[PDB]
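Only one chain is given next, in C-alpha cells, and it is the form deposited without the DNA.
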C-alpha cells in the first residue's frame, strides 16, 4: 500500500528517498526547475511504462522502486495524428451511437423519403435496403464510408462535395432517430446532445431494447460535461483541439473507460481552465481516483492543494539548489512547516498585493472592427495602448482565436512584412501608433547546441571582445572572432564546435557521445591557453548566472545583461547550456530577459498566451513584477490569462462570453478590475469581487 523510491538521482535530484501512499490524491508541487517534473515523469512514469511495455523509454537512474503499477501520463502534447479520429471516436461515444441507430433507427428512402417496414424495401422507388447493422454507420469500414472521400470527409483540404463532410454514404444518412440522422446528432453541442437524449420519446419495445445503450451514452455525456467541455461538438476533429481541451477529453475518456489499478500522472490539468470550473475538475479527479487508482498531480493551484490527501514539496530553490524534499504531509502540516515555500504562500506570510494606483489610457487606442472569425459575433474591441491589459473569459469564448489570429497575424503582416493569412475581420485602426510586435511563448529558442542563452541575449559578443582585449590575445594576434565556435579557426576541428559526436550502431538508433579530442570543450587547445583573470572560455561558459554576476562586476555593460538574466529567476542556469535541453519555462524566461535587455523605443507590443504555465506562486509574483517593469518602460502588454493573481494587478480587463462555443463571442465587461467586478453578469467580475 505504498510506493517506495530509493536513491533517485535523475537530473538534479539529490539522491532522495520518498514514500508515496497508494490509491490517494497526491500532489507534487514546488518551484519551476526544482525537479518535481523529473521526479514524477522521468522516474515513476518511465519505470511504470517500461515494466509493462517490455513484457509485450530509457531506464531511470534509481536504486529500486517498489509497489509500482502500470502508469498513464496525461499532458498537453496534442498531435494532429490522423483525420480519421474525431471527438466522438476518441471518447468512444460514436460506437454507442452506431449501436443505438442500428437498434432503433427508423429506416427511410433517400430517393422518395418514404418509410420501409417489414420485403425490406420500398415499393415506389424500387430501391432495396439491407438489414441495418452497427457496422453500416461506421466510416472506417467499406460498408458505410462515403466512396468519394473513403470516409475522411475531405479531399487532400476541401470538404467532400458528395457527403458535405458527413463521412457517410447517402444510404446510411437516411436512418433518423427523433428527426435527426447520425451526423446531425453529432453536429450538436455536448450539452445540447445530452438534453436531446434526455427527453427522447420512445415506445415500450424501443425503451426495452435500448435501455443500456441510452444509459451508457448519458453517462459518457455527463462525464464530458463534468470535465468542463459542454460546448464542444461530437463531430469536431481531434486535430484542431488545444492542449487543455485534449487533456480534459483524455481525462473524461479515462473516467468513462472504468480501468482500475493504474497510476495516473497529470501535468497541471487545471491549466487553460476558468476558475468557475475548478470544482467540477476536482470532482472529476476524485471520481477517477475512486475507481481504485492512484493520482499524482503536478499542480500549483491553491484549490488543488486544499483538496488533496498528501502533498510532496520539492526545493528549496531551483536547479542546483533544488532536488530535495523540503516538506511533506497534509495541507495543514505543509502550512505549519517553516521551511516550505508553498506553506509560506498558503499561510499568508507572502502574498501578491493589490496595487493602490492603476495606470490610465493616454488617448491612444487600437480598435478592431468587424471581428467575426470562428464564433465571434461581429464585435468591435478597443485595446488601450501603454498599459497592462488582460483578456479574460470562459473556455471556448473565442478569446484565443480573436487575440491571436486577428491581432498578432495582422500586426506581423503590417509591421514585420510577414506573409500570413489573418482571420475574418474588417480592419484595424491604430496600427500607426506601434513600431514592432513581439510574441513570447514556451517554444524552444533553438534546435542546435550552437545556440545558448549567452548568444541569445547577445552578451557572448561582449565576452569575446573582452577576451580578445587581453594582453595574451593582443600579443598572439588573436581576433574577436577566434573565440567563437560558429566559425573555423578557434573551434575544435573534430566536432566542428558542437562538442559531441554521432556513433551509429548496427541495430540501435544513433548515439551521441562527448568528443574525445576536445573533451566537450568545443575549442582548440591553442585557443584555450588564453586566460582572462584566471579563467578561459570553457570555464566562463560553464559558469552559472549567479557566479557570472560577481565575476563580471567590474564591466558594467556585461553586468547589466547578466543582472537582467538574473532578475527573471534564471540565476541557477549556466551560460553554456544548449538550447536543446532547455524547457518551456527556461526558454520563456530567456526571451523575457532578452526583451528586457533591449533598449525599448516605447512603441512595441508584447503578446503572451497563458504565461503562468508551470509557474509556482513565487514565480507568478516574479513574472508580475517583470511584466509591470516592461509596461513602465513604455510598451504595451496584452496577456490571455485565467489566473486571478495576475488579473487583479492588470490596468485593463476585457471579458468575453458570456458562455463558450456558439453561446459566446460577445463582449461582456471592460475597464479596470473594479469596473469589471461591478458587473453582475460576469464570472470574472464575480470572482474578482471576492478576490479584491
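Positions refer to the first chain, counted from 1.
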Unresolved residue 123 in a third or more of other entries flanked by modelled residues: yes
Test item: residue 110 lacks coordinates in at least a third of other entries: yes
Sequence continuity check, residue 56 and residue 57 (deposited residues unmodelled): 10 or more
Size class of the missing deposited segment between residue 156 and residue 157: 10 or more
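The same protein has a further form, the form deposited with the DNA bound, not shown here; the description that follows concerns it.
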Selected contact from 372, 535, 194, 450, since only one has a non-hydrogen atom within 4.5 angstroms of the DNA in the deposited bound form: 450
Sole residue of 616, 425, 521, 464 within 4.5 Å of the DNA in the deposited bound form, by heavy atom: 464
All of 310, 315 and 339 within 4.5 Å of the DNA in the deposited bound form, heavy atom check: no
Candidate stretches 372-380, 339-347, 271-279, 478-486, one within 4.5 Å of the DNA in the deposited bound form by heavy atom: 478-486
Contact test in the deposited bound form: residue 284 vs the DNA, heavy atoms, 4.5 Å: no
The DNA contact in the deposited bound form: residue 99, any heavy atom under 4.5 Å: no
Distance check, residue 456 to the DNA in the deposited bound form, heavy atom within 4.5 Å: yes
Touches the DNA in the deposited bound form: residue 572 (any heavy atom, 4.5 Å): no
